[PDB]
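To start, the structure itself, in C-alpha cells.
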Amino acid sequence: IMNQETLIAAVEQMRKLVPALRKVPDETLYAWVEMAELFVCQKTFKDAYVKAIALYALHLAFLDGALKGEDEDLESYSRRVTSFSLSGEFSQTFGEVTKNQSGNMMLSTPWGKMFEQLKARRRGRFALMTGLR
Amino acid sequence: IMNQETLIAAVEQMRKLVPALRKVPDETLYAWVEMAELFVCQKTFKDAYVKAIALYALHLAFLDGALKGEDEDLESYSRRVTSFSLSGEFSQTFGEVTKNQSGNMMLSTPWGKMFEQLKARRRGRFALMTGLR
Amino acid sequence: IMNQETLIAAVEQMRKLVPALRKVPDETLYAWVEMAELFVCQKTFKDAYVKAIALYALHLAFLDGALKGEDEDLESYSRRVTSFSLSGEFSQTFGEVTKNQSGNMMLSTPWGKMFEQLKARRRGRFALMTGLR
Amino acid sequence: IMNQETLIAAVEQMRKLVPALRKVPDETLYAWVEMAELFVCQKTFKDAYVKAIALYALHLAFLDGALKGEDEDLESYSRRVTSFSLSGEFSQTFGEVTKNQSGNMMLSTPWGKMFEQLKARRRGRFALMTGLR
Amino acid sequence: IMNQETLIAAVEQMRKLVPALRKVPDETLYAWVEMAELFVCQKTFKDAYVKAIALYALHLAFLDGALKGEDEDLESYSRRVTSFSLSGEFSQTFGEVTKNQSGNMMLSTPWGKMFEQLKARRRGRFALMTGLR
Amino acid sequence: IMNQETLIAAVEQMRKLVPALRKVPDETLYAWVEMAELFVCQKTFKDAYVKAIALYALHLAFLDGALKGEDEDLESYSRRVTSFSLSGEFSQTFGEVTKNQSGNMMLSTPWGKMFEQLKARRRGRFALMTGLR
Amino acid sequence: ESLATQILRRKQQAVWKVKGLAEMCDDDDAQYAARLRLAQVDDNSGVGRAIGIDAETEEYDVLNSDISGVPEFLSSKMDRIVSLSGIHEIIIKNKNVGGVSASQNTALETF
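Line by line, the protein sequences give chains b, B, b', B', b'', B'' and A. A prime marks a further copy of an entry chain.
For the first sequence, the residue numbers in the entry's author numbering are 4 to 136.
For the second sequence, the residue numbers in the entry's author numbering are 4 to 136.
For the third sequence, the residue numbers in the entry's author numbering are 4 to 136.
For the fourth sequence, the residue numbers in the entry's author numbering are 4 to 136.
For the fifth sequence, the residue numbers in the entry's author numbering are 4 to 136.
For the sixth sequence, the residue numbers in the entry's author numbering are 4 to 136.
For the seventh sequence, the residue numbers in the entry's author numbering are 223 to 333.
Right under this line is the structure:
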C-alpha cells in the first residue's frame, strides 16, 4: 500500500487547489487517489510526486463528469442535459467548455495539460527502445 | 471467474466508484461483471485485476445505454429522446455526451479510456508476432 | 435442431441481460434465437457459446427496430416518427442514438460491438486462405 | 416454387417474424413471396431455404414502401409526406429511417443486411470465374 | 402486335402487385404496357417475361409522376407543390422519397431496382463486343 | 413531316399518354409536334417512329415550362413563383421537380430519359467515325 | 526451371470487372454463356483488333510484370552443379565460350 502520509498530503493538496472539494467525503477522494496511483510513475519525478499525483487524480475526476454526487440518479452517466426551463420562472442553457483536436484524452482538461507539461519538463514525452542481445 | 471473493471485491469497487449503483439490484451487477470478465486478461494485470474488471464492467454497461432497469419499453433501445415538454409548465432538452469519431469503441466512455491507459501502462497496445517454425 | 436446454439458457440469459424482455411471449424469442443460430459458429468459442449467441440475437433484435409489438400497425416498418405533439398537453422529439462510420452493420448497436470484441479476442477477425493442391 | 408446403412455411415464417402481417390478406403475401422467389437460389442454401425466402420477401416488400394496401391513391408512390397538422388540435412529423449512401440496394433495410450476412456465411459475396476452354 | 393473353396477364399482375391500380381504366394501362414492351427484351428471360415486363411498366408509370389523373390540371407536370395550408383547418408538407447518386434513371424507383436485380441474375449487366471479320 | 395520318397518330399518342392535353387547342399541339419532328430520325427507329415523335414532343414541351397557354404575361417566362398566400385564408408553396446537374438537357424530364433509353436500345448513344479517303 | 517457365507464363494478366456479377447462379446456363462469351472475346483480341465495353458497369484493365535476370540465375545454378560435380563445364554443359580461339585446349588438357 502507498504511504499513508503521502496519501494524506495528496488529498489535502487536492483540497487546497480546488476548494469546492472540501464538501466531499474523504473515502471517495481516497478511492480516487488510490486509482490514480496506478498510472503515476514514482522514480521519474520523485521530488514532486505529491503535486503531480494530485494533478492526475484531479484530471481523472473531471475527465467527462466521472465524479457525480452520492444521490445523483442513474441514466445521467450516458446522457447530458443541454437545457431546461420552467414556465415563467427561469431558463438556462449549458455547453461544453472546450473541444479536443488530437484524441489524446490528456489534452481534454486543464489539469491533464498541466500534467503533460510537467512530465515533458521533468523527464520528457519520448520513448526510444532497442532489443536485448 | 474462479471463486467468490473476487466477485465481491469487483462489485464493491464498482459501487465505490459510482455511488448510484448502491440502489441497483445485486443480481444484475453480478451478471454484468461476470459477462464483462470474458474480455479481460488475468495474467496481464495480475496485481490490479479487480480494478481492471471494475473499469471494464463500468465501460461495458455505459456504451449507449444498456443498464436501463425494468419498465423501460423496447423502443428505448433503438431511438433516443432529445426533447420533452408538458403543456406550458416546463420543458427539457437532452443530448449526446461524447463524440467518438475515432471508432475504436473503447474511446466512447471515460472508463474505456482509463482502461486503455492502464493496459498501455501494464502491457501495451501492440501485437507483434511471427509465424511458428 | 439445436439443443433444447441450450436454447432455454440462451433465452433466460437474454432476459436477465435486458430485463425489458420479460414481457415478450416466449415463442417470438425462440424464433429470434433460432434465426440467430444460423450465423453463430459453434467450434470457435465452444466454452462461451450461450453468451455470444444471446449477444448476437440481441443485436439482431435491436438492429433497426426489427422487433415491434404484436399489434403495431404496418407502414411503421418503413417510416419513422420524428416528433409529435398534442395541442396544449405535451410534445416530444426523438432522434437516432449513434451514427455509423464504416458500413459494417455490426458496429451499429452496442451488442454487435460486444460480439465483435469477443470474436476478435477468442479467435480473431482474420481470414487467410490458399488453394488445395 | 415447386410445391405448396414450402409456400405455407415461408408465409408462416414471415408472419412469425413480423406479427403485423397476420392481418394482411393472404393472397397478397402469396404473390409477394412467389415473386421474390425468383432472386433466391435453392442450391446455395439447401438447408435454410425457407428462411432465405422469408428474409428476401420481407426486404423486397419494404424498400421504399410497396405493400401499401388498398385505398392509398397513386401520388403516395412518387412522393412522401413529412408533416401533417389538424388546426390547433395536434401535429405530427415523419422522416426517413435509414440512409443508404452505399447504393447496394441491399443495405437499405435490416432484412437485406441479414440476408447478405447469411449469403456470405453460406456461400460468399464473390464471383471469380475464367473463360471456358 | 404482342400476344393478347400475355398483355392481359401482365396487366392483371400489375393490378395484383399494386392494388391501387384497380381504379384506373384499362385503356391507359394497356397503352403503358404497350409502351413498356419496346424496351423489354424477349429471349433474355423467356420463362419470366410477364413478371419483368410488369415490373418495367410499373417503373415507367412511377418514374417522376408520369401517370396523373384524367382531370389533373396542366402546369403540374413541370412544377410540384411542396406544401399547402388552409387558414385554421389543416396543413401538410411533402417531400421526395429518395435521392439518386448515380444518374442511371433506373436506380430511382424500387421497381427499377428490382428489374435491374432480375436482369443481373438472369443474364447480366455486361456487354462485350468484337468486330465482324 | 411527309403526310397527315402520321401527324394524327402522333397527336393521338400524346393525348393517350397525358389525358390533360385533351383540352389543349389542336393547332398548338400540331405546331409543337411539327417543330419537334426536326430533331428525330425516321431511318433510325423506322418501326416506332410515332412513339419517338410523341416522346420527343412531350419532352420538348416540358423543359422549363413552354406550353403555358394564353393570358400568362411575359414575366412568367423569366422567373418562377415559389410562394403565394391570400391574407389569412390560405397559403401555398411550389418548387422544382427535378435536378439536372448533369447538364445533358435530355435528362431533365422523364420523357427525355425514356427517349434516350429507346434511342440507346434502337441504335445507340455513340458516334464513331473516320475521315473519308 | 519450372519456376522460370511459370514466371514467363504469368507475364501478363487481364481482369474483367463487372458490376453485380455475384448475383448469377452457380453452374447454370447464364454463367456458362457468360464465360463462353468471355473466352470468345478473348480469342479475337489482339494488336490490330479492338473491343467495346459499357461505361457504367464494366471496366477492363491489364496488369503486366517484367521478366529479367533469370538466364543468369539459371547459369549460376548450372555453374554450381559444375563445381560440385568435379568435371569441367565443356564436357557437362557441352558449350563453347566463343570469346577465345585456342584457350579451351588448356581446359581439355586439364580434363
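All C-beta atoms, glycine included, are put in the ideal place defined by N, C-alpha and C.
- If the five residues before and after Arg128 of chain b' are omitted, its C-beta is found closer than 6 angstroms to no C-beta atom of its own chain.
- Per DSSP, the continuous alpha helix (DSSP H) segment holding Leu306 of chain A begins and ends at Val292 to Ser307.
- By the C-beta density criterion, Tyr59 of chain b'' is buried, having at least 16 other C-beta atoms within 10 angstroms.
- Here the stretch 118-134 of chain b'' lies against the stretch 228-247 of chain A, with 3 or more beta-carbon pairs under 8 angstroms apart.
- The stretch 97-113 of chain B'' and the stretch 74-93 of chain b'' touch, with three or more beta-carbon pairs separated by less than 8 angstroms.
- An exposed status is given to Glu78 of chain B'', since fewer than 16 other beta-carbon atoms sit within 10 Å of its beta-carbon.
- When the beta-carbon positions are compared, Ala57 of chain b and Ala13 of chain b come within less than 8 angstroms of each other.
- Look at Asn286 of chain A here: in three-state DSSP terms it is strand.
- With respect to the 8 angstroms criterion, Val53 of chain b and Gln16 of chain b are classified as neighbours on the basis of their beta carbons.
- Between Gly72 of chain B and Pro22 of chain b' the beta-carbon gap is near 7 angstroms, inside 8 angstroms, which marks them as a contact.
- Residues of the stretch 80-93 of chain b with a Cβ closer than 7 angstroms to any Cβ of chain B, in chain order: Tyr80, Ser81, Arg82, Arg83, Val84, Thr85, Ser86, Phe87, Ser88, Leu89 and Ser90.
- Between the stretch 248-265 of chain A and the stretch 284-301 of chain A, the count of Cβ pairs shorter than 8 angstroms is below three; the stretches do not touch.
- For the C-beta of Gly98 of chain B'', the chain b'' residues within less than 7 angstroms are, from N- to C-terminus, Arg83 and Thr85.
- Under a 10 Å Cβ-count criterion, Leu135 of chain B'' is classified as exposed, with fewer than 16 other Cβ atoms of the shown protein chains found around its own Cβ.
- From the listed residues B'':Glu40, B'':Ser111 and B'':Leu110, the smallest Cα separation to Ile4 of chain B'' is found for B'':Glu40.
- The beta-carbon separation of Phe93 of chain B and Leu61 of chain b, rounded to 35 angstroms, does not stay under the 8 angstroms limit for a contact.
- Contact note: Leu260 of chain A reaches chain b'' through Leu131, using a C-beta cutoff of 8 angstroms and chain order.
- Against chain b'', a Cβ distance below 7 angstroms from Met246 of chain A picks out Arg124 and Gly127.
- Contacts between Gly134 of chain B' and chain A, judged by CB atoms closer than 7 angstroms, involve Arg257, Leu260, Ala261 and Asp264 in chain order.
- The beta carbon of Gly274 of chain A falls within 8 angstroms of a beta carbon belonging to chain b'', placing the residue at that interface.
- The straight-line gap separating the alpha-carbon atoms of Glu331 of chain A and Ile313 of chain A is approximately 12 angstroms.
- The alpha-carbon of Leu70 of chain B is positioned some 19 angstroms away from that of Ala55 of chain B.
- Scanning the stretch 48-83 of chain b' for uninterrupted alpha helix (DSSP H) segments of 4 residues or longer gives 52-64, listed from N- to C-terminal end.
- When secondary structure is reduced to three states using DSSP, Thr96 of chain B falls in the strand class.
- Taken through DSSP and simplified to helix, strand or coil, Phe87 of chain B'' comes out as strand.
- Separation of the CB atoms of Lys102 of chain b' and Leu110 of chain b' is rounded to 11 angstroms, and the pair is thereby denied contact status at 8 angstroms.
- Setting aside the 5 residues that flank it on each side, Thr31 of chain b is surrounded in the same chain by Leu70, each with a C-beta closer than 8 angstroms to its C-beta; the list follows chain order.
- Distance check between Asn107 of chain b and each of b:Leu66, b:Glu8 and b:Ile11 places b:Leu66 closest, using alpha-carbon atoms only.
- Under the 8 angstroms criterion on CB atoms, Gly115 of chain B is classed as non-interfacial with respect to chain b'.
- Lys19 of chain B' is a Cβ neighbour of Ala34 of chain b', given a cutoff of 8 angstroms.
- Here DSSP, grouped into helix, strand and coil, assigns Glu281 of chain A to strand.
- Around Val43 of chain b', the same chain offers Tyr52, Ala55, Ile56 and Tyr59 as residues with beta carbons nearer than 8 angstroms, after the five sequence neighbours per side are excluded.
- Taken in chain order, the members of the stretch 33-54 of chain B whose beta-carbon sits within less than 8 angstroms of a beta-carbon on chain b are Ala51 and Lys54.
- Assignment of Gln120 of chain B' by DSSP, reduced to helix, strand and coil, places it in the helix class.
- Following the DSSP letters along the chain, one finds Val14 of chain b' inside the alpha helix (DSSP H) bounded by residues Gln7 to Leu20.
- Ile289 of chain A is a Cβ neighbour of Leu230 of chain A, given a cutoff of 8 angstroms.
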